[PDB]
Amino acid sequence: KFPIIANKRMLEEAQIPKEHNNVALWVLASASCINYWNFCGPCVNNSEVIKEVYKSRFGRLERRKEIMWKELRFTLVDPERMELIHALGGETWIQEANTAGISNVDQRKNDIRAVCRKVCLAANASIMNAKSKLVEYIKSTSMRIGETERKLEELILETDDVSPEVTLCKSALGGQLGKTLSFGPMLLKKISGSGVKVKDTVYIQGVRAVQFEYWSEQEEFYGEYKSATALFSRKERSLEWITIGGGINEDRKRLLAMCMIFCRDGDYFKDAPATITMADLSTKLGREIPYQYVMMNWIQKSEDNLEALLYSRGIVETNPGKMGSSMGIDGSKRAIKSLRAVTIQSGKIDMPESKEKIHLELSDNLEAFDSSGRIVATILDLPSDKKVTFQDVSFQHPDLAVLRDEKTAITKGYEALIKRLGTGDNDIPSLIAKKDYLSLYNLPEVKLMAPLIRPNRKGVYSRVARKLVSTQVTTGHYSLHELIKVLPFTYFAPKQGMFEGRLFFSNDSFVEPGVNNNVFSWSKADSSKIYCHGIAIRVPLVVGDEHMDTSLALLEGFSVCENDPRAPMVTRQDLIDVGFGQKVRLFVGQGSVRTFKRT
Amino acid sequence: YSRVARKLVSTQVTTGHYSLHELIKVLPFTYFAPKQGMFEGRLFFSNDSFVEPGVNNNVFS
Amino acid sequence: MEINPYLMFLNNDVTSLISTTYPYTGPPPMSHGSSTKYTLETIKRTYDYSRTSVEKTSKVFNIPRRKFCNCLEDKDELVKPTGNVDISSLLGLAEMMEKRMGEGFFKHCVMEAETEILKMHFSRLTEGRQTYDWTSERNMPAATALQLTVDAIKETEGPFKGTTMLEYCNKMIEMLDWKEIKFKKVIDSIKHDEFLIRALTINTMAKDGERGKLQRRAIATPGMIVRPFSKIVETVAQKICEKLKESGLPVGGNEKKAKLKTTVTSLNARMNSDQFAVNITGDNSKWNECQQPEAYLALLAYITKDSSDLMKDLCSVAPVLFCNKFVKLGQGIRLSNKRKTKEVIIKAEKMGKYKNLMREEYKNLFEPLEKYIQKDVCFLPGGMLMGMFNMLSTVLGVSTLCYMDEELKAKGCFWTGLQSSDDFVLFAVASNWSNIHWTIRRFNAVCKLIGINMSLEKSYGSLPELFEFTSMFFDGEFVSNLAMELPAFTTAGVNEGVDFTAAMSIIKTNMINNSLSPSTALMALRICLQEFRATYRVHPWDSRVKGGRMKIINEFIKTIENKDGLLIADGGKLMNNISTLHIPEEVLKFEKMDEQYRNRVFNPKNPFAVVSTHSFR
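Residue numbers (PDB author numbering), protein chains in the order written: chain FP1, 58 to 83, 95 to 146, 233 to 753; chain CP1, 615 to 675; chain EP1, 1 to 186, 211 to 632, 655 to 663.
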């Protein structure tokens, strides 16, 4: 009851009465005594002393406040921070938060590569105007790159960073290349040998057939994947030998599978899996796809496909003296059994360099060709479209961005509703003072916002909104906020039905009167503002009482009244069977109860 | 309410398959003239006490 | 339709889903008890794992003394546990380890432990899980029994003015020879033999709280006399385990993963292309019923052989104290009639008086031990039941692992690994799928030579990539931990300004050890906040609660505007997040709390981590 101990003179000197409001507080004492002491008690000024004594803790807080938070990225492994290393970097993730150092180049590289990917994808919407629409997009795209407002017609060239998108977009500019290749996300290069194209067939389901191409001669390459080097030689649709010097399980597995596809080694180039027959669609929406990229995509779906591909490659039992340079199905550095024609080692294979620049030729599908075919890049080797917010950018030509969503549609509708006010005749305040609400049910803006409304039960929404509008207009008691909130629904015709307390749009969102919400919120002491997803909007007018009267914006045929606990709690349905002079409590929100009376 | 009550009565009376414990309950509402509206399952008096036609409650069981 | 929540283990790993196998951390509702049945089976299995039959009646009790050390017999069926130790092999392994690490290694460690002890205050003994009072004959925290002991010394032969560990130990020693000793009771005194026994008494505690396995049904609970010597020995063993690469006891997590990967990489860089290694997840069984304090004593002697005789004699205290340890038998058996309408209750000391009534199972487990009983306890002359000397056991295990000879070298094979207290992971090396078996058998033999056994139904092995250690399921990658700890307010209530900060620090730590992730940490935070509130019966102001503390808060609230600055204990709301855990909420709301409220809270002229006006003395 009074387990907590206290002092006596310290209590009387503060004049702490027991049972202040039936709370004893107490030598012994309760816990509420601390609340009574901190809410009504003596006043000191010891802030400076406290800060000085707790200097270390408050300096830690200061340091924390002295941070410029940066982005984060999911990845792996190939003092003042120790206080925060827990929140700075784990093992799968990491945050690039910095303190004082600034250098904006690699982020600029990421931005430019992302936008190049974006534009090159956008140009993949026709069959004939590929290069034209591409170049015109480029010419209509400028950026505040770093600190300089530059255009995207010189950055692609001035930059030196190999990538499928950079090359695919620069070839159209007759720009210099570096003899580098891109088969999917992997990076390849030639070392010696040469050959010519040759065609062959492959079955699907055991009946059909499809043509693919390859090379018949011997040729050595230098594969390379994330944290994984390699070297290998392809001969007659099959992989002869290969070696690796970057030790990781997943990286090595994926790199090996990609190099095998590049060599088309394996039986799945004779027949196809039973999963492909489920589709047999080596085609885009309206375009064609080779077999290699289809196989790759089939790999990306699940690692079981990768394991199956690798099993297609012969597996054998390792012999002595080779464990150190053997491999396993899961990338294991050494094993008692390994795969045929493999060699593991340590140390990344030093990559060669080609100092010979060239220019390629784009095709209908934008595939570039330097010579003897030998595709260097394409859109097929790109990721799927990934929406990302772009800043420091200007994109003027059509196809720049859809920039059309239900959220933005509603935002613009509400902006129009707000501007319509216009502090003039034939606008909201004039019709209010005139008590002509029927015209409100015919404005253009509500007609533009109507499509955003849930169609199945729009009649009841319109009924309720018109009820509220008329009840607030006729009497003259109203609140512009809730009115504008419900107006978009006062267009269609009213009907009978069951209402619940929320008005649903077509995007599964909703709005509710007498409450605030992300889509629409407002509060007093800032009534000149209306938030929309946090976007503060302004009112072309000023009001101090036009909103203060919300007694009719909560329910339809009721009005708020003084609080009374005796009144029984009810729902929105039983309301129909109520009478007059009969108060009733009811929830108006989350843990928000209010009393109401009819009329 | 009057409409509903009169309806039930006719339905029970025309055939002969009636329950005397429901007429004695719903009759007090048949005095007025029928009208149009949504019946929401319960018949209220002027003292916020209702009776329901078919289930027993504190007011009529 | 049917269900099987294991099919997700086929197309996925195990390091990602293993957590779903064990329940969430917390206090075990099993109520693992310590009953007379349990106390007696343990003692029997102890005397049995001793494969000898020799004895020697003492002179201080007139009782036999099963000497199970350096007298191995009953070689048959030796795959089962053993406790008979060989001193020669033990000292040989110690010498190997010394040679490896260095000559003046043990000397440096013992010197460090000494100097650390010198400046130590006996008051440190107050920091302990629990102990056993030798006056009230119960279990309590260390501070209570310490106060009891000091006030008894005061009442009997004047106060103890040492204020240091060494004077405390010497005072205990002197008290071992006192004939009469006094203490306040319900006052009473006792003689020499009874006080000796009480000091050498031990009680079985039922508490066993941890993840993994709660095998600590009868965890020991010693008194206070032996406490400081045990602390000294543990300090020395710790100073030793730090320099050892294969010692994951003193710390875990980041450092543990570092050790793991260092070991693995050194291995990979050590052997050749012809050799192929293997791993084994081992789990020593009966790590408490096969550790003998006599071997520990000989080992400590060999260690301190070249050092101050002070430490030589000191380190030789706790061992002998464990060579003679009376064990308090739990609550006695109970009788009952047929219909069970009546039920007698009897203590342990009198079960030897009604041995005729007891059922055959209890009867065949009690007579052979009646010899060692004195009044109600059992004179256990060895073993090691407490969770003590864990550092020392780990040192012995590392000694086992640092072995190597020429018989192996000739075959081109070897081993290495890591060992916790009673759990380990081995990495063998060879060039044939058979010599591996020979090496494993050699290792098991050398381990059994000194009582360190291994389980067969709980110890497995496979290729090097996969293993487990202390719930840290290692794999080629994706090292997954499972040691997610949490606080508990109801059991440990301190103040409304410390528990929350402590929980934040705990969550931060768990995140460091990778046992927690951002979203998981945030969920745990929002859960612990509610636990705290419900504990101290507090809620925010937005809520429509009617509790006592809220009444006043429901009226003195409108007088403030900085609701954000309010304290959680006073209708406050949270403002700390991941990047603001080390920062207490107070430091985070100081500049924001209304001047009046800030001052009402920060008033050293009050009747009572940032020292708040929220303490519950």
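Beta carbons are placed, not taken as given, at the ideal position from N, Cα and C, and that holds for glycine.
Asked	Found
Return the chain-ordered list of same chain residues with a C-beta closer than 8 Å to the C-beta of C109 (chain EP1), the five sequence neighbours on each side being excluded.	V260, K263, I264 and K267
Between the alpha carbons of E250 (chain FP1) and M136 (chain FP1), how many angstroms are there, rounded?	10 Å
Counting only runs of 4+ residues fully inside the segment 392-448 of chain EP1, write out the alpha helix (DSSP H) ranges in chain order.	414-425 and 430-435
Give the DSSP-derived three-state secondary structure of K613 (chain EP1) in the structure shown.	helix
What separation, rounded to the nearest whole angstrom, lies between the Cα atoms of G158 (chain EP1) and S213 (chain EP1)?	15 Å
How would you write the range of the beta strand (DSSP E) that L385 (chain FP1) sits in, first residue to last?	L385 to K389
Please list the partners that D728 (chain FP1) has in chain CP1, where partner means a Cβ-to-Cβ separation under 9 Å.	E654 and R656
Going by DSSP, what residues sit across from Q249 (chain FP1) in a beta bridge?	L140 (chain FP1)
Taking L166 (chain EP1) as the reference, give the member of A152 (chain EP1), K255 (chain EP1) and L591 (chain EP1) with the closest Cα.	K255 (chain EP1)
Go through its chain and collect everything with a Cβ distance to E73 (chain EP1)'s Cβ below 7 Å, but skip five positions before and after it.	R51, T52 and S53
For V470 (chain EP1) versus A342 (chain EP1), is the C-beta spacing smaller than 9 Å?	no
Within the same chain, show all residues whose beta-carbon is closer than 6 Å to that of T321 (chain FP1), passing over the 5 residues directly before and after it, in chain order.	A531
Since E245 (chain FP1) meets chain EP1, which of its residues come closer than 7 Å, beta carbon to beta carbon?	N538
For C715 (chain FP1), does the three-state DSSP call read helix, strand or coil?	coil
So with CB distances below 7 Å, who are the chain FP1 contacts of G572 (chain EP1)?	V80 and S100
My guess is that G421 (chain EP1) and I476 (chain EP1) are in contact by the Cβ rule of under 8 Å, so how many angstroms apart are they, rounded?	7 Å
Could you have a look at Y445 (chain FP1) and say whether DSSP puts it in helix, strand or coil?	helix
Going along chain FP1, which residues have a C-beta under 8 Å from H660 (chain EP1)?	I102
Just the chain FP1 side, please: which residues come within less than 8 Å of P628 (chain EP1) by C-beta, in chain order?	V112 and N114
Please state whether the Cβ-Cβ distance between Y591 (chain FP1) and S633 (chain FP1) is less than 9 Å.	no
Output needed in chain order: residues of the segment 538-565 of chain FP1 with a Cβ under 8 Å from some Cβ in chain CP1.	none
Who are the near neighbours of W83 (chain FP1) in its chain, counting only those whose CB is closer than 8 Å to its CB and skipping five residues on each side?	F59, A63, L68, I73, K75 and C101
Suppose contacts are defined by Cβ-Cβ distances below 9 Å. Is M652 (chain FP1) in contact with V614 (chain FP1) by that definition?	yes
Between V518 (chain EP1), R624 (chain EP1), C426 (chain EP1) and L598 (chain EP1), which has its C-alpha nearest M101 (chain EP1)'s C-alpha?	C426 (chain EP1)
Along the beta strand (DSSP E) that carries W369 (chain FP1), what are the first and last residues, could you check?	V364 to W369
Between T46 (chain EP1), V344 (chain EP1), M335 (chain EP1) and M375 (chain EP1), which lies nearest to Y320 (chain EP1) when the distance is taken from Cα to Cα?	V344 (chain EP1)
With a threshold of 9 Å between beta-carbons, can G745 (chain FP1) be considered close to chain A, or not?	The structure shown has no chain A; the protein chains it does contain are FP1, CP1 and EP1.
Say whether chain EP1 places a C-beta atom closer than 9 Å to the C-beta of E134 (chain FP1).	no
Using 8 Å as the cut-off, can you tell me whether the segment 106-122 of chain FP1 makes contact with the segment 621-630 of chain EP1, which would need three or more C-beta pairs spanning the two stretches below that distance?	yes
Restricting to Cα atoms, I'd like to know which of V401 (chain EP1), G233 (chain EP1), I460 (chain EP1) and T225 (chain EP1) is closest to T36 (chain EP1).	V401 (chain EP1)
Determine which residues share a DSSP beta bridge with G399 (chain FP1) and list them.	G399 (chain FP1) is not bridged to any residue.
Starting from the beta carbon of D731 (chain FP1), find every residue of chain CP1 whose beta carbon is closer than 7 Å, and list them in chain order.	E654, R656 and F658
Tell me whether the beta-carbon of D703 (chain FP1) lies closer than 9 Å to the beta-carbon of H635 (chain FP1).	no
Rounded to the nearest angstrom, what separates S480 (chain FP1) and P474 (chain FP1) at their Cα positions?	10 Å
So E555 (chain EP1) and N534 (chain EP1) are in contact, right, with Cβ under 8 Å, and what is the actual spacing, rounded?	Rounded, the Cβ-Cβ distance is 16 Å, inconsistent with contact.
With distances taken between CB atoms, is the gap from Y368 (chain FP1) to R418 (chain FP1) smaller than 9 Å?	yes
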